[PDB]
Each structure stands twice: as structure tokens, then as C-alpha cells.
């Protein structure tokens, strides 16, 4: 994990489920100790051919543990404010907003002290994503 009392920022590519949606996101966080950090994220998803767009902003606690010196397993839990925009040909544009709990599980690999990648599955009550972050130290 990032050094205690330090910040990080990252970006991701995401995918959820015919129907496939792809998009991207950004996140920023503050690490307290090797097991606990907090993060704020923004992600969007768009429907791929053969406007359905969704966006969400979230704030979560991130709890993790080192599987190895370089690999952490982690979970995130918190809330998300979302917006989904639609485009119909009959009814024009539309959108709905909501608030929901949000969860995630993932693995993060510290490539260098400054750079880490992550692989995550996020769900609510899913979206797979790959990302990279920069640790300010």
C-alpha cells in the first residue's frame, strides 16, 4: 500500500454487462496505514454498438492486506451517487439519478514505489476494471 499519510491518484478502464458497456474513470485516495485508505472515484460507462451512458461518483473506505510484498488484496465499501442518461427515438433524452451503496474487491500490484496497477470487480445493491495509480509519497 501507499505510505502512511500519503496520497495517490489513478485512472481506470472499465467494463460491464446484447449489452456491453465500456468506459473509464479516475480515483484519488489517502492512505492511513498499510491496511486502510479512503478513496473518491468517478467512472463513466457507455453502451457499445451491437446514448446509454452511466456515470457515478463514489466515496469509499479501502481495506487491504499484503498477499506479498508487491501485491495487496483489497475491498472497498461506501456510497455512490449516479446518473444514467438515455436516448430514445420516440421519447427523446432521459436520465435518472440515485444513491447506492457500492462495494469492490480487487488486487493491486506495486510495480514501483510510485506506480501501482489494480484489477477490480465492483458491485452494488457489476463492473470490472483495470487501472494505474501514481503515489505521491
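Positions refer to the first chain, counted from 1.
The stretch of deposited sequence separating residue 125 from residue 126 contains 10 or more residues lacking coordinates in this entry. Here the stretch with the larger average CA B-factor, out of 127 to 135 and 3 to 11, is 3 to 11.
The mean C-alpha temperature factor is higher for 90 to 98 when 108 to 116 and 90 to 98 are set side by side.
The residue among 54, 57, 36, 73 whose C-alpha carries the highest B-factor in the deposited model is 54.
When the modelled residues of the chain are ordered by C-alpha B-factor, residue 48 sits in the highest third. Sort the chain's modelled residues by C-alpha temperature factor and residue 77 lands in the lowest third, per the entry.
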